[PDB]
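Data block below; observations after.
Counting from 1, the numbers follow the sequence of the chain as shown. In each ligand, atom 1 is the first atom listed, and ligand 1 is the first ligand listed.
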Amino acid sequence: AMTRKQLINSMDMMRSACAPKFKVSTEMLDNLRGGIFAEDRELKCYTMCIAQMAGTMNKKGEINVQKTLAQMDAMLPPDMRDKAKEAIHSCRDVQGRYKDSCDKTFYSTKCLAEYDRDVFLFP
Ligand SMILES: Cc1ccc(C(C)C)c(O)c1
Ligand code: NA
Ligand code: NA
């Protein structure tokens, strides 16, 4: 798996690719990585860009939970891995409550953060 340094490098590269497409500021992005979610459409659709980048989405605009679980195994430092997978399973009902794909990814991500704020990170 990656080390935390490697995981941050990977997340930084994803932020660098996605952030320019949206009106998202360092304050908003740093807060989001810290588990604080601005109610801002540009930030919602940034989360969807990241989810796509990360290979977690399907072409219907839903989160593929199976694929996400497999990425946690591949990528996350072991210590983050059971906790991330347990959070994903706990949060798998959230996306069904939202028609819009940027709501699905934003509110699903917020559910992961609320599950365990100490381990949560986001690009
Ligand atoms: C269940 C669930 C929750 C959150 C995410 C973000 C990475 C968007 C997922 O991919 C899957
Ligand atoms: Na857990
Ligand atoms: Na689901």
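- Between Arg41 and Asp100 there is a salt bridge, with a side-chain nitrogen of the basic residue lying less than 4.0 Å from a carboxylate oxygen of the acidic one.
- For the pairing with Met57, the side-chain contact (heavy atoms from CB on, under 4.5 Å) check across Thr105, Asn64, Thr68 returns one residue only, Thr105.
- Those atoms of ligand 1 that come under 4.0 Å of a heavy atom in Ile63, given as number and element, are 9 (C), 10 (O), 11 (C).
- Distance check for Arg92 against the Na ion (ligand 3): an N/O/S atom falls below 3.0 Å.
- Looking from atom 5 (C) of ligand 1 to the surrounding protein, the closest heavy atom is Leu112 CD1, 3.8 Å.
- The closest approach of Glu86 to the Na ion (ligand 2), by N/O/S atoms, is made by OE1.
- Only one option out of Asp12, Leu7, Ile50 pairs with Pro123 in a side-chain contact (heavy atoms from CB on, under 4.5 Å); it is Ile50.
- Checking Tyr107 against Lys44 by side-chain atom types alone, a donor-acceptor pair falls below 3.5 Å.
- Against a heavy-atom cut-off of under 4.0 Å, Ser108 is close to the following atoms of ligand 1: 3 (C), 4 (C).
- Within a 6.0 Å radius of CD in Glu27, no more than 12 heavy atoms belonging to other residues, nucleotides or ligands are found.
- Proximity of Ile88 to ligand 1, defined as any heavy-atom pair under 4.0 Å, is shared by backbone and side chain alike.
- Distances below 4.0 Å separate heavy atoms of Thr56 from the following atoms of ligand 1: 10 (O).
- Between the Na ion (ligand 2) and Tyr115 there is an N/O/S contact shorter than 3.0 Å.
- Residues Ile8 and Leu76 fall within the same hydrophobic cluster, defined by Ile, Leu, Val, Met, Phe, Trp and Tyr side chains chained together at heavy-atom separations under 4.5 Å.
- Residue contacts with ligand 1: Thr68 is placed with a nitrogen or oxygen under 3.5 Å of a nitrogen or oxygen of the ligand (distance criterion only).
- Of the listed options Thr109, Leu69, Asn64, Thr109 places a heavy atom closest to atom 8 (C) of ligand 1.
- Using a 4.0 Å cut-off between a side-chain N of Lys or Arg and a carboxylate O of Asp or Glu, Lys110 and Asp103 do not qualify as a salt bridge.
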